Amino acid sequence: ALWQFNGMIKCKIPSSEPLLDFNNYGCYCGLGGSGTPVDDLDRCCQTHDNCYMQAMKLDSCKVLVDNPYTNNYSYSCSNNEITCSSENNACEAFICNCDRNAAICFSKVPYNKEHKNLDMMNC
């Protein structure tokens, strides 16, 4: 769920308020998306959106209203490393992996302030 994703991003980027810094960025960082990613961070967000789409294709998520932004899962942050838990069931585990991969991706790409609150005519 969004709560866990926020904490994962803070795990990798301890100075951030992720729900501010990484929402309404580019064409993809925020709910849904369109167009061509404007930079590698936006591409991280495109991949994450795609991962949530793939998740929802799984029968294990379809059985539970396991909507990735609201589906709680278990993970830890320790020494700024994210670990998804073996106690997660299949849908939860898939979402946790999507979120972990995106958090790591965000932490390894430039953050370009010119792409914050981008005009969608760019998308």
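Numbering starts at 1 and runs along the sequence shown.
- Mean C-alpha B-factor is higher over 64-72 than over the other stretch, the pair under comparison being 77-85 and 64-72.
- Averaged over their C-alpha atoms, the temperature factors of 4-12 and 112-120 are higher for 112-120.
- The PDB entry assigns the greatest CA B-factor among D59, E92, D42, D49 to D59.
- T36: CA B factor in the middle third of modelled residues in this chain (values from the PDB entry).
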